[PDB]
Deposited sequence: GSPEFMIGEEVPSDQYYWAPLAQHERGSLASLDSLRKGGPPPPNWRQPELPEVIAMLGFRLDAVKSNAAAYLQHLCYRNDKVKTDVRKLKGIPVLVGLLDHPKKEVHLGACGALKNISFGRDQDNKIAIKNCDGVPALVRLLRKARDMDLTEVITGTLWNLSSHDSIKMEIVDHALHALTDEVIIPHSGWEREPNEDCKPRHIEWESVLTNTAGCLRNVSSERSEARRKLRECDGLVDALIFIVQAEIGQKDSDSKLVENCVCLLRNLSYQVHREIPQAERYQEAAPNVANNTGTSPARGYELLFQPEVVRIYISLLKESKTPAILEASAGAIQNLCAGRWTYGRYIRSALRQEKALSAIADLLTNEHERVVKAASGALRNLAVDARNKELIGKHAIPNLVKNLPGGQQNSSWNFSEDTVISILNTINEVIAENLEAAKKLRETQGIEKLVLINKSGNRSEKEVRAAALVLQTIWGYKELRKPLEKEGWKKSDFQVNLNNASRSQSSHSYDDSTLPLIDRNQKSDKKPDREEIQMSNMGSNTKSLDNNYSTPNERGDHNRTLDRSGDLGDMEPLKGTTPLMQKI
């Protein structure tokens, strides 16, 4: 008679075993399935085609943790990878509601970790974002963010990380998503609280901080137009997005963090809060044009990472629009901006992409628009050489050449900068905008 043995069943058998009466077979099959899918795109795709996904999703409702946790670990692996149809299939058999239903029942960290990791994987697909925003938002906030944040101490850092990563992804575009998240009771409060807690533990680099700050940057995007009754008793809810404290947090992250994505996100949130014409935008821009904050922001211009350089540029740009210590911005911004243009000894700026260079040029233009001393510091840093090098390039694009001409035409507006170039033989038409 037939002893037990180590034979490997075929995929279709494993999938059928998901429906065997014995819970222990279901759970071992789900587990084995998770293992088969691990780092194996082809297997993930075959599971979809064999119609395993709705089976796995059905098992989330199974009362026994071994089965539902087993099914979930498999879905997590299946929700990861290049075949985006695997994520869509999970959505199409109501995987998100099922994940959410299980989340509300979960009592343990390991299961909550797997559910939220799966949601984080799903949230990267654009077609699943509003599904998650509409069906998981409130469970993620009420079951995870608020209780584990410490807000009313911090714990379950890994689950919080997954969960903020998920909310960050789904809020990466769509005003409807930003508005829905901004409106969720306690969500903004607790994110700010988490980021403060971490900074207080001397953690300014964790993925948790990263996900929270990126999320906060998303919610700060267009807050001035999207806040209910844009018309602008303590601040609460989305009002916290533009109070002094969070602004101070971004600035402190600019000084303490070494992680490019966190520096970019913090500079980005500052940029977003500074973009709008509205009372709070004025307050925040005015506060940010002080010596310490300007230096914190300008210093990211010496960061070796392009995307950080670009973020600093955008932030500096929005500060310059209504600036009033013309000397200040000028002093803090111009030398580092000019260093990041091609045409000197800094190798890296010869390798920046077109969008970065245009960002810097536009920012330069804004900073010198009515600021003779800024224009002078430009001239003093050999930045005219660089503008001409860009403008007269035989290899850069029309947009980049034009961006350089714009700055040149602004420079041409000032008599004191004009006469010295005329002494070289330059005339205004050498630098036409087209």
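Residues of the deposited sequence lacking C-alpha coordinates fall in the stretches 1-39, 192-201, 282-295, 498-584, numbered from 1.
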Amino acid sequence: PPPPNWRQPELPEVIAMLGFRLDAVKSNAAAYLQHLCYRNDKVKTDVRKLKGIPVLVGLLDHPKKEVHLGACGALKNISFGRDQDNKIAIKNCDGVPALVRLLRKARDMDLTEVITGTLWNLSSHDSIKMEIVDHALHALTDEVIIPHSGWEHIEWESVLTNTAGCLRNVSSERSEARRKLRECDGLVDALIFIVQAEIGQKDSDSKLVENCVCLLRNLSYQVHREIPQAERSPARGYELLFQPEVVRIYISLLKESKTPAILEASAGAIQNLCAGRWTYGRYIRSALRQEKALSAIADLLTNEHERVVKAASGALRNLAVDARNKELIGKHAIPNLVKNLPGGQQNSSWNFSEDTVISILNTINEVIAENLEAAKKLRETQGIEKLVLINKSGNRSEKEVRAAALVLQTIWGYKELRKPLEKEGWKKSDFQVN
From here on, numbers count along this sequence of modelled residues.
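When the C-alpha B-factors of 259-267 and 78-86 are averaged, 78-86 comes out higher.
Comparing the deposited coordinates for 28-36 and 386-394, the stretch with the larger average C-alpha B-factor is 28-36. Within the group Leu216, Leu288, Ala235, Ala275, the record's highest C-alpha temperature factor is found at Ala235. The entry assigns its greatest Cα B factor, within the set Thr363, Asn162, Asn303, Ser220, to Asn303.
Among the modelled residues of its chain, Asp322 has a C-alpha B-factor that falls in the highest third, as given in the PDB entry. Annotation for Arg402: CA B-factor lies in the lowest third of the chain's modelled residues. For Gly343, the recorded CA temperature factor ranks within the middle third of the chain's modelled residues. Per-chain ranking of the deposited C-alpha B factor places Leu137 in the middle third.
Placement of the Cα temperature factor of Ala230 within the chain: highest third of the modelled residues, per the deposited record.
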